[PDB]
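Novice: The structure follows.
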Amino acid sequence: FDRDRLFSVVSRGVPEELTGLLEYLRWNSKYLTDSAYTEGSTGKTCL
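Take the sequence shown: its position 16, counted from the start at 1, is 90 in the deposited numbering, and no numbers get skipped.
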């Protein structure tokens with residue numbers, strides 16, 4: 075469903091707010107290694 079590979083398509087194209095991102099699936103792995111570090115493919119800050 076919410077693949078972590080999708081980073082430039084979830085909200086970087088259209089200005090809107092949606093849930094189901096980051097910790098939607100495999101929350102343990104994200105907490106272990108993807109704690110705000112894999113966002114934007116480890117770079118390309120969205121803010």
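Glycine residues also receive a C-beta, built at the ideal position from the N, C-alpha and C atoms.
I need the straight-line Cα distance from residue 82 to residue 114, nearest angstrom please.
Specialist: By 1-based counting over the sequence shown, the position of residue 82 is 8. By 1-based counting over the sequence shown, the position of residue 114 is 40. Cα to Cα, residue 82 sits roughly 7 Å from residue 114.
Novice: Of the choices 87, 118, 102, 96, whose alpha-carbon is the least far from that of residue 77?
Specialist: Within the sequence shown, the letter at position 3 stands for residue 77. It is 96.
Novice: Quick one: what's got a C-beta closer than 7 Å to residue 85's C-beta in the same chain, skipping five residues either side?
Specialist: The residue you call residue 85 lines up with position 11 of the sequence shown. Excluding residues within five positions, the ones whose Cβ falls inside 7 Å are 92.
Novice: What is the DSSP secondary structure of residue 105, counted as helix, strand or coil?
Specialist: Sequence index remark: in the sequence shown, residue 105 carries index 31 (1-based). Helix.
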